[PDB]
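Working notes, structure below.
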Amino acid sequence: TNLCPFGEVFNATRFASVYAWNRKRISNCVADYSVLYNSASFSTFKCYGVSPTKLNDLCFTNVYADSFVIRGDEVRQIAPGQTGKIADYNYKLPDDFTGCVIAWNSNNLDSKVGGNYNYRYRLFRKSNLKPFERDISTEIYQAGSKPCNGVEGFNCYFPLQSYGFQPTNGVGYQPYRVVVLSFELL
Amino acid sequence: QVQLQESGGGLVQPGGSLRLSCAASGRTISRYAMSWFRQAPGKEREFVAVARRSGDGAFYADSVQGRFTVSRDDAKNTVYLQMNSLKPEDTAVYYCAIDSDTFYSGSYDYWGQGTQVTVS
Amino acid sequence: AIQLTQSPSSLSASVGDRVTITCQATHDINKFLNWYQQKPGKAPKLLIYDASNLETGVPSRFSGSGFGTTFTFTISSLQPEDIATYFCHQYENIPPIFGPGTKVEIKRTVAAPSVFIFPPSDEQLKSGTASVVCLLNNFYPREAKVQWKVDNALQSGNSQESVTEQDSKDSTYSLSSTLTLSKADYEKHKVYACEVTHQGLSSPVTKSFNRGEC
Amino acid sequence: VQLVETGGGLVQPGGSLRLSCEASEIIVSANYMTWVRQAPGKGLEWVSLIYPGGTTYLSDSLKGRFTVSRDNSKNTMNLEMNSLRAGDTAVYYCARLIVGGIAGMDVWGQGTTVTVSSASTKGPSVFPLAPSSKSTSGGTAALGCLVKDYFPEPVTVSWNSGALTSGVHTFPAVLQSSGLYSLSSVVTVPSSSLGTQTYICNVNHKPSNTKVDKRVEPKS
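These protein sequence lines are chains R, N, L and H, in that order.
Residues 333 to 518 in the deposited numbering are what the first sequence lists, from first letter to last.
Residues 1 to 120 in the deposited numbering are what the second sequence lists, from first letter to last.
Residues 1 to 214 in the deposited numbering are what the third sequence lists, from first letter to last.
Residues 2 to 221 in the deposited numbering are what the fourth sequence lists, from first letter to last.
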């Protein structure tokens with residue numbers, strides 16, 4: 333028995349982009365999940381298939397702590413049965429998802445005067461992602477009938493676009509760090 | 001029963017200025033539109049300028065565009081005509097007319113009398 | 001739904017002047033507003049995307065600015081071919097809604113209309129109908145009056161007017177008035193005339209013909 | 002790029018109509034494609050949008066009645082309209098909107114006319130507007146064609162098969178009291194060419210497959 337290394341996930345200095353969302357695989361450890369839900373730092377805390385207080389009373393093998401950065405108005409897409417650029421092309425949760433979605437505003441960390449363009453998202457994709465699928469490809473998206481041949485332009489767009497995170501952006505356009513906990517339920 | 005009294009005009013210097021006037025008595029002006037015409041010897045009844053409303057603008061002719069100026073004083077019922085750059089091709093008798101439509105269709109009923117304007 | 005308030009609906013000015021169109025969003029759309037230009041009867045063309053970026057091939061006289069809720073669309077020098085309707089559209093909040101629109105006209109020198117009249121054709125008279133057309137060509141301003149007189153009897157309610165959009169080139173209008181009567185009613189009278197009252201006319205101009213004469 | 006709308010026309014109210022959008026230069030299945038309608042005399046109104054992964058979206062006033070499908074074999078956008086209402090009478094455009102602020106991406110179609118009203122189709126009658134002395138002023142003469150009594154919109158009018166374009170005014174159609182549209186298309190030419198030049202207007206009313214060439218000669 334030992335506490336889960338959740339500090340390394342939530343209190344990480346830098347977060348991965350949503351298209352390359354990082355996954356932390358943790359064994360069946362113990363953690364006061366009731367304290368996490370009762371943390372004032374988390375503005376979004378939605379659980380599916382299980383209550384936040386009854387998380388310790390679950391029987392599972394591995395818990396996955398997926399983490400990434402999206403904007404404010406896209407947090408609604410980190411939920412089962414959602415559509416949009418994030419849910420279809422970046423990070424997709426299954427319909428029978430068992431776990432919780434945690435998010436909080438990170439404007440003070442991920443925004444920079446003049447714009448922070450380090451965080452990216454997949455804008456073009458031929459098909460929707462399967463649940464828990466990750467796509468880091470940088471193939472030039474052929475939106476036209478003519479092949480691109482690794483040359484971008486009209487009808488040939490880079491599938492990834494950078495967020496424009498400025499401190500003066502609206503709250504719907506400010507960066508939000510998201511942590512998704514999933515359980516390989518036994 | 002209204003009439004258009006005019007003043008100003010006369011033998012002015014070539015290239016000078018002149019302030020025309022056209023006062024009307026018996027009916028107000030703030031809800032109508034007044035115009036200005038020109039009758040040179042040889043041709044007849046050309047167009048000069050006009051004022052739409054208080055909140056609208058003025059509209060001129062092809063040969064006087066950007067050269068004349070139409071003011072409007074509805075409190076005294078006297079619409080002036082600021083005039084600059086008098087060329088000798090404008091030696092004519094200037095008139096004054098009034099529009100009889102609030103939709104500015106161009107209903108000309110009452111006229112002026114004439115103002116002798118001679119350039120050099 | 002995010003309602004867009006684009007004002008004014010009409011800002012007629014002259015060629016070479018500055019244009020300023022304001023668009024207001026009910027909610028916050030950040031910088032994601034697109035300005036489209038639509039010629040009469042043509043498809044809309046994108047001019048400004050992301051409220052401040054010119055599109056490919058668009059002349060540089062067009063410009064945009066603003067973020068959050070209020071946006072501005074500015075034409076540095078208004079041009080003849082710039083005469084169209086301009087809409088603002090937010091595209092990142094479903095449902096995406098357009099603006100009300102701004103009909104851009106031109107103000108210019110007053111030009112009197114050339115008045116022409118066309119008697120009904122012999123082909124139409126064999127069909128039992130007579131249409132008399134009165135033409136007002138290349139005039140400004142748009143405000144004009146056409147009065148149909150038939151044997152000096154003024155006609156009301158049997159004619160229809162149609163005005164062309166302000167021509168891009170000379171900034172003028174054209175108007176057609178079509179007086180429609182039955183063949184029997186057309187043969188009852190002799191003098192058919194349209195009386196044109198316009199600003200550029202010192203006195204109303206009347207064009208007339210007599211039925212059955214050269 | 003070339004987007005061509007088709008499948009419009011006139012339909013009885015409550016009927017179903019399928020709008021097609023043939024696409025060249027671009028692949029339909031891998032693009033953001035929108036349908037936008039504009040009512041006659043009104044402004045633009047977004048109708049539908051489809052993502053490059055299938056994800057569709059509809060307006061509230063049109064949800065549950067319209068459907069945007071895509072076809073990769075023909076590279077055509079499809080908009081199926083069911084339970085049509087009088088307010089749906091508008092011109093529909095299929096366009097590939099700019100996504101992510103990428104310049105040169107936006108491209109619109111020509112547009113198709115859909116008329117949701119209970120009426121019949123009638124071809125226009127074409128009558129000459131003969132020039133004369135009463136049509137001559139300042140060395141120019143006016144002549145035209147009267148495209149009268151047709152339904153529904155639109156008609157197209159050219160002169161000398163497109164060779165005569167300078168000075169052509171095709172007035173917008175007006176709806177007569179009989180419920181039929183009427184339109185005049187006039188052209189100003191030098192009066193000296195009335196007796197020597199041939200002037201022919203070409204009227205085309207696609208909703209009734211009516212093509213009429215009418216020569217306009219003077220007689221006065």
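Backbone N, C-alpha and C define an ideal beta-carbon position, used for all residues, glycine too.
Could you check how far apart the C-beta atoms of residue i and residue j are, in whole angstroms? I think they sit under 8 Å.
i: residue 315(R); j: residue 508(R); result: Because residue 315(R) is not part of the residues shown, which for chain R are 333 to 518, the question remains open.
i: residue 396(R); j: residue 384(R); result: Wrong, their Cβ atoms sit about 17 Å apart, outside the cutoff.
i: residue 103(N); j: residue 110(L); result: That pair is no contact at about 16 Å.
i: residue 201(L); j: residue 143(H); result: No, residue 201(L) and residue 143(H) are not in contact; Cβ-Cβ is about 18 Å, not under 8 Å.
i: residue 43(H); j: residue 127(H); result: The pair is not a contact, with the Cβ atoms about 30 Å apart (cut-off 8 Å).
i: residue 208(H); j: residue 80(H); result: About 19 Å separates the two Cβ atoms, so there is no contact after all.
i: residue 6(L); j: residue 102(L); result: 6 Å
i: residue 37(H); j: residue 96(H); result: 7 Å
Counting only beta-carbon separations shorter than 8 Å, does residue i have a partner in chain H?
i: residue 459(R); result: yes
i: residue 373(R); result: no
i: residue 456(R); result: yes
i: residue 477(R); result: yes
i: residue 152(L); result: no
i: residue 170(L); result: no
8 Å is my cut-off, CB to CB: does residue i come that close to chain A?
i: residue 62(N); result: Checking the listed chains, one finds no chain A in this structure; the protein chains it contains are R, N, L and H.
With 8 Å as the threshold, decide whether the Cβ of residue i is near any Cβ in chain R.
i: residue 100(H); result: yes
i: residue 53(H); result: yes
i: residue 81(H); result: no
Going along chain L, which residues have a C-beta under 7 Å from residue i?
i: residue 45(N); result: 202
i: residue 61(H); result: 95
i: residue 501(R); result: 30
i: residue 505(R); result: 30
i: residue 189(H); result: 137
i: residue 108(N); result: 202, 203
Please confirm whether residue i has its beta-carbon closer than 8 Å to some beta-carbon of chain N.
i: residue 20(L); result: no
i: residue 113(L); result: no
Along chain R, which residues have their Cβ under 8 Å away from the Cβ of residue i?
i: residue 68(L); result: 502
Counting only the same chain and skipping the five closest in sequence on each side, list residues whose C-beta sits under 6 Å from that of residue i.
i: residue 105(L); result: 12, 166
i: residue 73(L); result: 21, 35, 64
i: residue 11(N); result: 118
i: residue 66(H); result: 83, 84
i: residue 145(H); result: 130, 185, 186, 187
i: residue 441(R); result: none
Residues of chain L with CB under 9 Å from residue i, in chain order?
i: residue 103(N); result: 143, 145
i: residue 65(N); result: 108, 109
i: residue 15(N); result: None at all; the shortest Cβ gap to chain L is about 22 Å.
Anything in chain H within Cβ reach of residue i, meaning under 7 Å, just list it in chain order.
i: residue 131(L); result: 147, 149
i: residue 46(L); result: 99, 107
Please list the partners that residue i has in chain R, where partner means a Cβ-to-Cβ separation under 9 Å.
i: residue 23(H); result: The contacting residues do not exist; residue 23(H) stays about 12 Å from chain R at best.
Whose Cβ in chain H lies nearer than 9 Å to the Cβ of residue i?
i: residue 414(R); result: Under the 9 Å cutoff, chain H gives no residues; its nearest Cβ is about 10 Å from residue 414(R).
i: residue 442(R); result: The premise fails here: residue 442(R) is roughly 20 Å from chain H at the closest Cβ pair, so nothing lies under 9 Å.
i: residue 218(L); result: Absent from the model: residue 218(L). The displayed extent of chain L is 1 to 214, so no value can be given.
i: residue 421(R); result: 52, 53, 54
Residues of chain H with a CB under 8 Å from the CB of residue i: which are they?
i: residue 56(L); result: 104, 105
i: residue 427(R); result: Result: empty, since nearest Cβ-Cβ is about 16 Å, beyond 8 Å.
i: residue 81(L); result: The contacting residues do not exist; residue 81(L) stays about 16 Å from chain H at best.
i: residue 124(L); result: 126, 128, 147, 149
i: residue 474(R); result: 28, 31
So, at 7 Å on beta carbons, what are the nonlocal neighbours of residue i in its own chain, with the 5 sequence-adjacent residues on each side left out?
i: residue 45(N); result: 37, 39
i: residue 98(H); result: 33, 35, 107
Got a sec: is the Cβ-Cβ distance from residue i to anything in chain L below 8 Å?
i: residue 209(H); result: no
i: residue 58(H); result: yes
i: residue 75(H); result: no
Using a Cβ-Cβ cutoff of less than 8 Å, which residues in the same chain neighbour residue i once the five nearest sequence positions on both sides are dropped?
i: residue 193(H); result: 140
Listing by chain order, which chain L residues have their CB less than 8 Å from the CB of residue i?
i: residue 50(N); result: 110, 199
Q: Could you run through the segment 177-206 of chain L and flag, in chain order, every residue whose CB is less than 7 Å away from some CB of chain N?
A: 197, 198, 199, 200, 201, 202, 203
Q.
Closer than 7 Å between beta carbons: that is the criterion. Which residues of the segment 86-116 of chain H meet it against chain L?
A. Under the 7 Å Cβ criterion, the segment 86-116 of chain H contributes 94, 98, 99, 102, 104, 105, 107, 109, 110, 111, 112.
Q) Relative to chain H, which residues along the segment 95-109 of chain L have a C-beta separation below 8 Å, given in chain order? A) 95, 96, 97, 98, 99, 100, 101
Q: Pull out every residue of the segment 28-45 of chain H whose Cβ sits closer than 7 Å to any Cβ of chain R, in chain order.
A: 28, 31, 32
Q | Residues within the segment 478-493 of chain R neighbouring chain H, beta-carbon criterion of under 8 Å | A | 478, 485, 486, 487, 489, 493
Q: Closer than 8 Å, Cβ to Cβ, to anything on chain H: give me those residues from the segment 377-400 of chain R, in chain order.
A: none
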